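One file, entry_19.cif, is given below (mmCIF, C-alpha atoms; chains and numbers go by the auth columns).
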data_input
#
loop_
_atom_site.group_PDB
_atom_site.id
_atom_site.type_symbol
_atom_site.label_atom_id
_atom_site.label_comp_id
_atom_site.label_asym_id
_atom_site.label_seq_id
_atom_site.Cartn_x
_atom_site.Cartn_y
_atom_site.Cartn_z
_atom_site.B_iso_or_equiv
_atom_site.auth_seq_id
_atom_site.auth_asym_id
ATOM 1 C CA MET A 1 8.148 13.487 18.281 0.00 1 A
ATOM 2 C CA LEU A 2 6.612 13.211 14.824 0.00 2 A
ATOM 3 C CA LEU A 3 3.300 12.510 16.551 0.00 3 A
ATOM 4 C CA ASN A 4 2.272 15.125 19.109 0.00 4 A
ATOM 5 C CA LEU A 5 0.096 14.378 22.141 0.00 5 A
ATOM 6 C CA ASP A 6 -2.972 15.461 20.229 0.00 6 A
ATOM 7 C CA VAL A 7 -2.350 13.164 17.274 0.00 7 A
ATOM 8 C CA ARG A 8 -1.390 10.356 19.627 0.00 8 A
ATOM 9 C CA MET A 9 -4.567 10.810 21.619 0.00 9 A
ATOM 10 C CA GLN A 10 -6.440 10.718 18.320 0.00 10 A
ATOM 11 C CA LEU A 11 -4.645 7.700 16.863 0.00 11 A
ATOM 12 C CA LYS A 12 -5.107 5.923 20.186 0.00 12 A
ATOM 13 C CA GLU A 13 -8.878 6.418 20.100 0.00 13 A
ATOM 14 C CA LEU A 14 -8.981 5.581 16.401 0.00 14 A
ATOM 15 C CA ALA A 15 -7.104 2.317 16.994 0.00 15 A
ATOM 16 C CA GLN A 16 -9.253 1.260 19.931 0.00 16 A
ATOM 17 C CA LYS A 17 -12.382 1.657 17.818 0.00 17 A
ATOM 18 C CA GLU A 18 -11.063 0.506 14.426 0.00 18 A
ATOM 19 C CA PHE A 19 -8.366 -2.044 15.175 0.00 19 A
ATOM 20 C CA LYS A 20 -9.164 -5.735 15.105 0.00 20 A
ATOM 21 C CA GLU A 21 -6.765 -8.422 13.871 0.00 21 A
ATOM 22 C CA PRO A 22 -2.971 -8.235 14.418 0.00 22 A
ATOM 23 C CA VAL A 23 -0.982 -6.316 11.838 0.00 23 A
ATOM 24 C CA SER A 24 2.550 -6.750 10.607 0.00 24 A
ATOM 25 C CA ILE A 25 4.498 -3.791 9.231 0.00 25 A
ATOM 26 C CA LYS A 26 7.765 -4.322 7.421 0.00 26 A
ATOM 27 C CA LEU A 27 9.921 -1.349 6.557 0.00 27 A
ATOM 28 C CA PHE A 28 12.823 -1.835 4.171 0.00 28 A
ATOM 29 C CA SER A 29 15.293 0.957 4.887 0.00 29 A
ATOM 30 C CA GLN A 30 18.948 1.942 4.390 0.00 30 A
ATOM 31 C CA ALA A 31 21.121 4.403 6.307 0.00 31 A
ATOM 32 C CA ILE A 32 22.925 5.947 3.332 0.00 32 A
ATOM 33 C CA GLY A 33 21.558 7.065 -0.025 0.00 33 A
ATOM 34 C CA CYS A 34 17.936 7.405 1.106 0.00 34 A
ATOM 35 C CA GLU A 35 16.751 10.832 2.241 0.00 35 A
ATOM 36 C CA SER A 36 13.363 9.901 3.730 0.00 36 A
ATOM 37 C CA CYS A 37 14.402 6.599 5.335 0.00 37 A
ATOM 38 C CA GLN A 38 15.371 7.938 8.748 0.00 38 A
ATOM 39 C CA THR A 39 12.088 9.802 8.983 0.00 39 A
ATOM 40 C CA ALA A 40 10.217 6.695 7.838 0.00 40 A
ATOM 41 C CA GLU A 41 11.867 4.624 10.530 0.00 41 A
ATOM 42 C CA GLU A 42 10.891 7.289 13.070 0.00 42 A
ATOM 43 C CA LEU A 43 7.309 7.689 11.860 0.00 43 A
ATOM 44 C CA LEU A 44 6.635 3.958 11.779 0.00 44 A
ATOM 45 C CA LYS A 45 8.124 3.327 15.235 0.00 45 A
ATOM 46 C CA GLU A 46 6.004 6.079 16.780 0.00 46 A
ATOM 47 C CA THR A 47 2.942 4.872 14.920 0.00 47 A
ATOM 48 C CA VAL A 48 3.501 1.296 16.005 0.00 48 A
ATOM 49 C CA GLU A 49 4.224 2.195 19.610 0.00 49 A
ATOM 50 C CA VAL A 50 1.161 4.450 19.776 0.00 50 A
ATOM 51 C CA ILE A 51 -1.096 1.798 18.265 0.00 51 A
ATOM 52 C CA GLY A 52 0.608 -0.957 20.217 0.00 52 A
ATOM 53 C CA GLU A 53 -0.008 0.889 23.482 0.00 53 A
ATOM 54 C CA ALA A 54 -3.635 1.484 22.518 0.00 54 A
ATOM 55 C CA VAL A 55 -4.650 -2.057 21.578 0.00 55 A
ATOM 56 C CA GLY A 56 -1.736 -4.195 22.729 0.00 56 A
ATOM 57 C CA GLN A 57 1.950 -4.653 21.931 0.00 57 A
ATOM 58 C CA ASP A 58 1.074 -8.030 20.390 0.00 58 A
ATOM 59 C CA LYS A 59 -1.532 -6.639 17.955 0.00 59 A
ATOM 60 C CA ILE A 60 1.032 -4.808 15.835 0.00 60 A
ATOM 61 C CA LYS A 61 4.741 -5.209 15.106 0.00 61 A
ATOM 62 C CA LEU A 62 7.323 -3.406 13.000 0.00 62 A
ATOM 63 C CA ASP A 63 10.245 -5.107 11.308 0.00 63 A
ATOM 64 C CA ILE A 64 12.945 -2.974 9.737 0.00 64 A
ATOM 65 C CA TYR A 65 15.124 -4.622 7.126 0.00 65 A
ATOM 66 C CA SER A 66 18.107 -3.517 5.071 0.00 66 A
ATOM 67 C CA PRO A 67 18.164 -4.837 1.498 0.00 67 A
ATOM 68 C CA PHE A 68 21.903 -5.416 1.832 0.00 68 A
ATOM 69 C CA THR A 69 21.499 -7.613 4.894 0.00 69 A
ATOM 70 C CA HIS A 70 18.020 -9.046 4.490 0.00 70 A
ATOM 71 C CA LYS A 71 18.311 -10.324 0.935 0.00 71 A
ATOM 72 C CA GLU A 72 15.687 -12.993 1.616 0.00 72 A
ATOM 73 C CA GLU A 73 13.065 -10.558 2.962 0.00 73 A
ATOM 74 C CA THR A 74 13.898 -8.029 0.236 0.00 74 A
ATOM 75 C CA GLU A 75 13.466 -10.620 -2.498 0.00 75 A
ATOM 76 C CA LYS A 76 10.266 -12.011 -0.971 0.00 76 A
ATOM 77 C CA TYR A 77 8.526 -8.653 -1.018 0.00 77 A
ATOM 78 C CA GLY A 78 10.018 -7.514 -4.311 0.00 78 A
ATOM 79 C CA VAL A 79 11.730 -4.577 -2.681 0.00 79 A
ATOM 80 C CA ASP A 80 14.125 -2.658 -4.919 0.00 80 A
ATOM 81 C CA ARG A 81 13.610 0.869 -3.577 0.00 81 A
ATOM 82 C CA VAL A 82 13.633 2.417 -0.124 0.00 82 A
ATOM 83 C CA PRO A 83 11.941 3.165 1.941 0.00 83 A
ATOM 84 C CA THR A 84 9.375 0.481 1.117 0.00 84 A
ATOM 85 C CA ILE A 85 6.631 -0.205 3.632 0.00 85 A
ATOM 86 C CA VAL A 86 4.714 -3.485 3.708 0.00 86 A
ATOM 87 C CA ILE A 87 1.429 -3.708 5.573 0.00 87 A
ATOM 88 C CA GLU A 88 0.191 -7.271 6.017 0.00 88 A
ATOM 89 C CA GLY A 89 -1.471 -9.766 8.337 0.00 89 A
ATOM 90 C CA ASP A 90 -1.297 -13.583 8.165 0.00 90 A
ATOM 91 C CA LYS A 91 -0.663 -13.170 4.472 0.00 91 A
ATOM 92 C CA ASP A 92 0.948 -10.644 2.181 0.00 92 A
ATOM 93 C CA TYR A 93 -1.819 -8.801 0.324 0.00 93 A
ATOM 94 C CA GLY A 94 0.654 -7.033 -1.924 0.00 94 A
ATOM 95 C CA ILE A 95 0.196 -3.726 -0.098 0.00 95 A
ATOM 96 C CA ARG A 96 3.230 -1.447 -0.369 0.00 96 A
ATOM 97 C CA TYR A 97 4.147 2.165 0.235 0.00 97 A
ATOM 98 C CA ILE A 98 7.339 3.293 -1.461 0.00 98 A
ATOM 99 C CA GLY A 99 8.510 6.526 0.085 0.00 99 A
ATOM 100 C CA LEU A 100 7.694 8.370 3.299 0.00 100 A
ATOM 101 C CA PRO A 101 3.963 8.185 4.106 0.00 101 A
ATOM 102 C CA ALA A 102 3.955 11.635 5.722 0.00 102 A
ATOM 103 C CA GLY A 103 1.853 14.726 5.101 0.00 103 A
ATOM 104 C CA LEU A 104 -1.570 13.799 3.736 0.00 104 A
ATOM 105 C CA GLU A 105 -0.305 10.274 3.094 0.00 105 A
ATOM 106 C CA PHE A 106 -0.047 9.580 6.813 0.00 106 A
ATOM 107 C CA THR A 107 -3.780 8.828 6.985 0.00 107 A
ATOM 108 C CA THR A 108 -3.199 6.550 4.004 0.00 108 A
ATOM 109 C CA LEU A 109 -0.723 4.647 6.163 0.00 109 A
ATOM 110 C CA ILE A 110 -3.096 4.596 9.124 0.00 110 A
ATOM 111 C CA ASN A 111 -6.057 3.490 7.009 0.00 111 A
ATOM 112 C CA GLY A 112 -3.941 0.810 5.405 0.00 112 A
ATOM 113 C CA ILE A 113 -3.054 -0.555 8.821 0.00 113 A
ATOM 114 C CA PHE A 114 -6.685 -0.526 9.966 0.00 114 A
ATOM 115 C CA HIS A 115 -8.117 -2.029 6.790 0.00 115 A
ATOM 116 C CA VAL A 116 -5.532 -4.804 6.963 0.00 116 A
ATOM 117 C CA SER A 117 -6.208 -5.152 10.685 0.00 117 A
ATOM 118 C CA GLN A 118 -9.842 -5.610 9.742 0.00 118 A
ATOM 119 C CA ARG A 119 -8.946 -8.260 7.167 0.00 119 A
ATOM 120 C CA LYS A 120 -11.646 -6.440 5.223 0.00 120 A
ATOM 121 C CA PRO A 121 -11.488 -3.999 2.269 0.00 121 A
ATOM 122 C CA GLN A 122 -13.817 -0.990 1.965 0.00 122 A
ATOM 123 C CA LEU A 123 -15.226 -2.093 -1.393 0.00 123 A
ATOM 124 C CA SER A 124 -18.896 -2.615 -2.185 0.00 124 A
ATOM 125 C CA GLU A 125 -20.299 -6.118 -2.504 0.00 125 A
ATOM 126 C CA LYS A 126 -20.783 -5.322 -6.172 0.00 126 A
ATOM 127 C CA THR A 127 -17.054 -4.643 -6.537 0.00 127 A
ATOM 128 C CA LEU A 128 -15.947 -7.676 -4.515 0.00 128 A
ATOM 129 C CA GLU A 129 -18.366 -9.942 -6.367 0.00 129 A
ATOM 130 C CA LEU A 130 -16.931 -8.888 -9.713 0.00 130 A
ATOM 131 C CA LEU A 131 -13.303 -8.693 -8.570 0.00 131 A
ATOM 132 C CA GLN A 132 -13.071 -12.309 -7.420 0.00 132 A
ATOM 133 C CA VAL A 133 -12.819 -13.336 -11.073 0.00 133 A
ATOM 134 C CA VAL A 134 -9.391 -11.723 -11.361 0.00 134 A
ATOM 135 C CA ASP A 135 -6.912 -14.595 -11.179 0.00 135 A
ATOM 136 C CA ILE A 136 -3.981 -13.289 -13.224 0.00 136 A
ATOM 137 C CA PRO A 137 -1.386 -11.104 -11.462 0.00 137 A
ATOM 138 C CA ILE A 138 -2.238 -7.422 -11.792 0.00 138 A
ATOM 139 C CA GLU A 139 0.099 -4.778 -10.404 0.00 139 A
ATOM 140 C CA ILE A 140 -1.133 -1.337 -9.368 0.00 140 A
ATOM 141 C CA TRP A 141 1.056 1.711 -8.859 0.00 141 A
ATOM 142 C CA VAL A 142 -0.333 4.933 -7.476 0.00 142 A
ATOM 143 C CA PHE A 143 2.073 7.850 -7.796 0.00 143 A
ATOM 144 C CA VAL A 144 1.517 10.432 -5.084 0.00 144 A
ATOM 145 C CA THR A 145 3.175 13.209 -3.084 0.00 145 A
ATOM 146 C CA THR A 146 2.684 14.126 0.573 0.00 146 A
ATOM 147 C CA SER A 147 0.672 17.251 -0.325 0.00 147 A
ATOM 148 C CA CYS A 148 -1.388 15.758 -3.121 0.00 148 A
ATOM 149 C CA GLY A 149 -4.994 16.282 -2.059 0.00 149 A
ATOM 150 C CA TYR A 150 -6.665 13.441 -3.949 0.00 150 A
ATOM 151 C CA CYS A 151 -3.918 10.852 -3.583 0.00 151 A
ATOM 152 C CA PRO A 152 -4.925 9.552 -0.126 0.00 152 A
ATOM 153 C CA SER A 153 -8.254 8.431 -1.554 0.00 153 A
ATOM 154 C CA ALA A 154 -6.648 6.767 -4.590 0.00 154 A
ATOM 155 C CA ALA A 155 -3.866 5.202 -2.520 0.00 155 A
ATOM 156 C CA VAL A 156 -6.234 3.576 -0.016 0.00 156 A
ATOM 157 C CA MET A 157 -8.517 2.394 -2.822 0.00 157 A
ATOM 158 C CA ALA A 158 -5.608 0.688 -4.587 0.00 158 A
ATOM 159 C CA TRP A 159 -4.589 -0.919 -1.301 0.00 159 A
ATOM 160 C CA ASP A 160 -8.157 -2.153 -0.716 0.00 160 A
ATOM 161 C CA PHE A 161 -8.177 -3.768 -4.147 0.00 161 A
ATOM 162 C CA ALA A 162 -4.909 -5.496 -3.302 0.00 162 A
ATOM 163 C CA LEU A 163 -6.382 -6.602 0.034 0.00 163 A
ATOM 164 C CA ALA A 164 -9.457 -7.916 -1.768 0.00 164 A
ATOM 165 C CA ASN A 165 -7.589 -10.070 -4.252 0.00 165 A
ATOM 166 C CA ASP A 166 -4.555 -12.358 -3.955 0.00 166 A
ATOM 167 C CA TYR A 167 -3.527 -11.584 -7.529 0.00 167 A
ATOM 168 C CA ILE A 168 -3.504 -7.833 -7.064 0.00 168 A
ATOM 169 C CA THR A 169 -0.487 -5.931 -5.807 0.00 169 A
ATOM 170 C CA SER A 170 -0.811 -2.231 -5.047 0.00 170 A
ATOM 171 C CA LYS A 171 2.092 0.107 -4.552 0.00 171 A
ATOM 172 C CA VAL A 172 1.678 3.715 -3.505 0.00 172 A
ATOM 173 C CA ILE A 173 4.838 5.404 -4.773 0.00 173 A
ATOM 174 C CA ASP A 174 5.928 8.901 -3.808 0.00 174 A
ATOM 175 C CA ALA A 175 6.699 10.571 -7.144 0.00 175 A
ATOM 176 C CA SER A 176 9.037 13.123 -5.538 0.00 176 A
ATOM 177 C CA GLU A 177 11.281 10.405 -4.115 0.00 177 A
ATOM 178 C CA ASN A 178 11.124 8.243 -7.232 0.00 178 A
ATOM 179 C CA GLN A 179 11.423 10.867 -9.947 0.00 179 A
ATOM 180 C CA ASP A 180 13.020 8.320 -12.258 0.00 180 A
ATOM 181 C CA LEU A 181 9.871 6.146 -12.110 0.00 181 A
ATOM 182 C CA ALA A 182 7.678 9.246 -12.257 0.00 182 A
ATOM 183 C CA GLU A 183 9.386 10.490 -15.424 0.00 183 A
ATOM 184 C CA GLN A 184 9.316 7.021 -16.929 0.00 184 A
ATOM 185 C CA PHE A 185 5.529 7.200 -16.723 0.00 185 A
ATOM 186 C CA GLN A 186 5.101 10.870 -17.471 0.00 186 A
ATOM 187 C CA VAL A 187 3.759 11.483 -13.988 0.00 187 A
ATOM 188 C CA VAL A 188 2.845 15.141 -13.698 0.00 188 A
ATOM 189 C CA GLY A 189 -0.512 15.512 -12.038 0.00 189 A
ATOM 190 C CA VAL A 190 -1.141 13.156 -9.137 0.00 190 A
ATOM 191 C CA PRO A 191 -2.475 10.774 -8.266 0.00 191 A
ATOM 192 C CA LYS A 192 -1.521 8.857 -11.384 0.00 192 A
ATOM 193 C CA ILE A 193 -2.376 5.179 -11.518 0.00 193 A
ATOM 194 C CA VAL A 194 -0.368 2.762 -13.645 0.00 194 A
ATOM 195 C CA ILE A 195 -1.351 -0.868 -14.112 0.00 195 A
ATOM 196 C CA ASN A 196 1.091 -3.631 -15.065 0.00 196 A
ATOM 197 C CA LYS A 197 3.829 -1.113 -15.715 0.00 197 A
ATOM 198 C CA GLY A 198 2.019 0.642 -18.537 0.00 198 A
ATOM 199 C CA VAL A 199 -0.668 -1.687 -19.829 0.00 199 A
ATOM 200 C CA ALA A 200 -3.120 0.972 -18.660 0.00 200 A
ATOM 201 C CA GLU A 201 -3.086 4.281 -16.810 0.00 201 A
ATOM 202 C CA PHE A 202 -5.527 6.850 -15.542 0.00 202 A
ATOM 203 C CA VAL A 203 -5.291 10.129 -13.662 0.00 203 A
ATOM 204 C CA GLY A 204 -6.869 11.233 -10.395 0.00 204 A
ATOM 205 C CA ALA A 205 -9.084 9.714 -7.720 0.00 205 A
ATOM 206 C CA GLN A 206 -11.655 7.345 -9.179 0.00 206 A
ATOM 207 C CA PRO A 207 -15.160 6.337 -8.251 0.00 207 A
ATOM 208 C CA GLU A 208 -14.718 2.775 -6.933 0.00 208 A
ATOM 209 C CA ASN A 209 -16.611 1.243 -9.857 0.00 209 A
ATOM 210 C CA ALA A 210 -14.390 3.064 -12.370 0.00 210 A
ATOM 211 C CA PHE A 211 -11.243 1.888 -10.598 0.00 211 A
ATOM 212 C CA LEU A 212 -12.701 -1.620 -10.682 0.00 212 A
ATOM 213 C CA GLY A 213 -13.444 -1.042 -14.361 0.00 213 A
ATOM 214 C CA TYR A 214 -9.805 -0.385 -15.201 0.00 214 A
ATOM 215 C CA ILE A 215 -8.649 -3.440 -13.303 0.00 215 A
ATOM 216 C CA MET A 216 -11.306 -5.579 -15.018 0.00 216 A
ATOM 217 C CA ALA A 217 -10.441 -4.208 -18.457 0.00 217 A
ATOM 218 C CA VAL A 218 -6.770 -5.005 -17.905 0.00 218 A
ATOM 219 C CA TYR A 219 -7.700 -8.435 -16.596 0.00 219 A
ATOM 220 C CA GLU A 220 -9.904 -9.361 -19.544 0.00 220 A
ATOM 221 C CA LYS A 221 -7.068 -8.612 -21.961 0.00 221 A
ATOM 222 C CA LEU A 222 -4.558 -10.560 -19.866 0.00 222 A
ATOM 223 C CA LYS A 223 -7.096 -13.357 -19.667 0.00 223 A
ATOM 224 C CA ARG A 224 -7.495 -13.759 -23.399 0.00 224 A
ATOM 225 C CA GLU A 225 -3.740 -13.470 -23.950 0.00 225 A
ATOM 226 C CA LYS A 226 -3.413 -16.321 -21.452 0.00 226 A
ATOM 227 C CA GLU A 227 -6.005 -18.355 -23.343 0.00 227 A
ATOM 228 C CA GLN A 228 -4.827 -17.680 -26.903 0.00 228 A
ATOM 229 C CA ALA A 229 -1.355 -18.695 -25.718 0.00 229 A
ATOM 230 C CA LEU A 230 -2.424 -22.357 -25.733 0.00 230 A
#

Transcribe the structure of this file into structure tokens.
Amino acid sequence: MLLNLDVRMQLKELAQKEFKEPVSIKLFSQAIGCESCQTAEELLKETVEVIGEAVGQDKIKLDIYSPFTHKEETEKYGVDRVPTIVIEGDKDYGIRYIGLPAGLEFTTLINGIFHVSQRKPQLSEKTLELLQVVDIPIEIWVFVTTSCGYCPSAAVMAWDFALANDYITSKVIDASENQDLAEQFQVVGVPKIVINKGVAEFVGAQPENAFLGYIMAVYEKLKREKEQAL
């Protein structure tokens, strides 16, 4: 098992106290040409069964798709790499994990599930008040690794921002598994955050208000470009 009795006991308690609304998890995976996929399928099944047993089989479900077969699902969630994990509820908040959320990123996965289950992001009222103005699609990528010590914090923060706004999409991308993307954005130290594929970037975990700041700076520029273009 990827989750020993101790971790299961822990996740079970965690779920019972933290879990609320039903959660949907969609894993896009492929048998050949993807090294971490099999492990991702295994980790997610165990996670879902553990949580499902703790709060109810109907509170959480895992769908595993293959881009080759599930063209519709793949297209809908903008999946182009595997494994890609979608955490959502009634709606798609643009929360994605590209790669295996193992190591220190496992809590990222767990916290993503819980935050989504709670239909509530862990962002101050100040942040949420200011963020609601964002109404132009903003994409957030957080490059991480399973051992990166500050990534979990950055990854969950990006996911919360996505959960807080219907125009924000946040993808936590394992830099080891997506070296091509990593290189393309000169990812060396992690976490490295990239907004709108290069419009802006910053390194390391960020105080919530600074992370908001980047998003808002990117948004204001997109806003005026949207206005001037009239």

Would you please work out which residue, of A:90, A:58, A:160, A:18, is nearest to residue 124 in chain A when using all atoms listed in the file?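 Looking at the shortest contact to residue 124 in chain A, the residue is A:160.
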
Would you mind reading off the distance between CA of residue 143 in chain A and CA of residue 173 in chain A, one decimal, in Å? 4.8 Å

Counting only C-alpha atoms, the residue of A:138, A:172, A:157, A:123 that sits nearest residue 100 in chain A: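 Of the candidates, the smallest distance to residue 100 in chain A is held by A:172.
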
For the structure shown, which residues end up in the PyMOL selection byres ((chain A and resi 17) around 12)? Put them as an NGL selection string, please? :A and (10-16 or 18-20 or 51 or 54-55 or 114 or 117-118)

Selection from above, C-alpha atoms, as a PDB file, in the frame of the given file, can you write it?
ATOM      1  CA  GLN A  10      -6.440  10.718  18.320  1.00  0.00           C
ATOM      2  CA  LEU A  11      -4.645   7.700  16.863  1.00  0.00           C
ATOM      3  CA  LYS A  12      -5.107   5.923  20.186  1.00  0.00           C
ATOM      4  CA  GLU A  13      -8.878   6.418  20.100  1.00  0.00           C
ATOM      5  CA  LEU A  14      -8.981   5.581  16.401  1.00  0.00           C
ATOM      6  CA  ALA A  15      -7.104   2.317  16.994  1.00  0.00           C
ATOM      7  CA  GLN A  16      -9.253   1.260  19.931  1.00  0.00           C
ATOM      8  CA  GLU A  18     -11.063   0.506  14.426  1.00  0.00           C
ATOM      9  CA  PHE A  19      -8.366  -2.044  15.175  1.00  0.00           C
ATOM     10  CA  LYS A  20      -9.164  -5.735  15.105  1.00  0.00           C
ATOM     11  CA  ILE A  51      -1.096   1.798  18.265  1.00  0.00           C
ATOM     12  CA  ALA A  54      -3.635   1.484  22.518  1.00  0.00           C
ATOM     13  CA  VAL A  55      -4.650  -2.057  21.578  1.00  0.00           C
ATOM     14  CA  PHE A 114      -6.685  -0.526   9.966  1.00  0.00           C
ATOM     15  CA  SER A 117      -6.208  -5.152  10.685  1.00  0.00           C
ATOM     16  CA  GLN A 118      -9.842  -5.610   9.742  1.00  0.00           C
TER      17      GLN A 118
END

Once the PyMOL selection byres ((chain A and resi 22) around 7) has been evaluated on this model, what residues remain selected, and can you format them as a short mmCIF file (atom, residue, chain, number, x, y, z; two decimals) with C-alpha atoms, in the frame of the given file?
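Result file is out02.cif:
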data_model
loop_
_atom_site.label_atom_id
_atom_site.label_comp_id
_atom_site.auth_asym_id
_atom_site.auth_seq_id
_atom_site.Cartn_x
_atom_site.Cartn_y
_atom_site.Cartn_z
CA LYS A 20 -9.16 -5.74 15.10
CA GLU A 21 -6.76 -8.42 13.87
CA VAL A 23 -0.98 -6.32 11.84
CA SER A 24 2.55 -6.75 10.61
CA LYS A 59 -1.53 -6.64 17.95
CA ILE A 60 1.03 -4.81 15.84
CA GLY A 89 -1.47 -9.77 8.34
CA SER A 117 -6.21 -5.15 10.68
#

List the spatial neighbours of range 40-48 of chain A as a ChimeraX atom specification - criterion: any atom at most 9 Å away, all atoms listed in the file, same-chain residues fewer than 2 positions off excluded. /A:1-3,8,11,25,27,29,36-38,50-53,57,60-62,64,83,85,99-102,110

Calculated over all atoms listed in the file, which of the candidates A:86, A:7, A:128, A:98 has the smallest distance to residue 209 in chain A? A:128

Option closest in space to residue 33 in chain A, from A:177, A:92, A:156, A:207 [counting only C-alpha atoms]: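 Residue with the minimum atom-to-atom distance to residue 33 in chain A: A:177.
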
Skip residue 132 in chain A itself and residues of its chain fewer than 4 positions away, then list as number ranges by chain all residues within 9 Å of it, counting only C-alpha atoms. A: 127-128, 164-165

CA of residue 212 in chain A and CA of residue 111 in chain A are how many Å apart? 19.6 Å

Residue 163 in chain A proximity check over A:76, A:70, A:91, A:223, using only C-alpha atoms: winner is A:91

Which is closest to residue 130 in chain A among A:73, A:105, A:175, A:161, if we use all atoms listed in the file?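 That would be A:161, the residue with the smallest distance to residue 130 in chain A.
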
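As for CA of residue 63 in chain A and CA of residue 26 in chain A, they are spaced 4.7 Å apart.
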
Could you pull the residues within 10 Å of residue 135 in chain A, counting all atoms listed in the file, minus those fewer than 5 positions along the same chain, as a compact mmCIF listing (two decimals) with C-alpha atoms, in the frame of the given file?
# COMPACT_ATOMS: atom_id res chain seq x y z
CA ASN A 165 -7.59 -10.07 -4.25
CA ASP A 166 -4.56 -12.36 -3.96
CA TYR A 167 -3.53 -11.58 -7.53
CA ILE A 168 -3.50 -7.83 -7.06
CA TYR A 219 -7.70 -8.44 -16.60
CA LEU A 222 -4.56 -10.56 -19.87
CA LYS A 223 -7.10 -13.36 -19.67
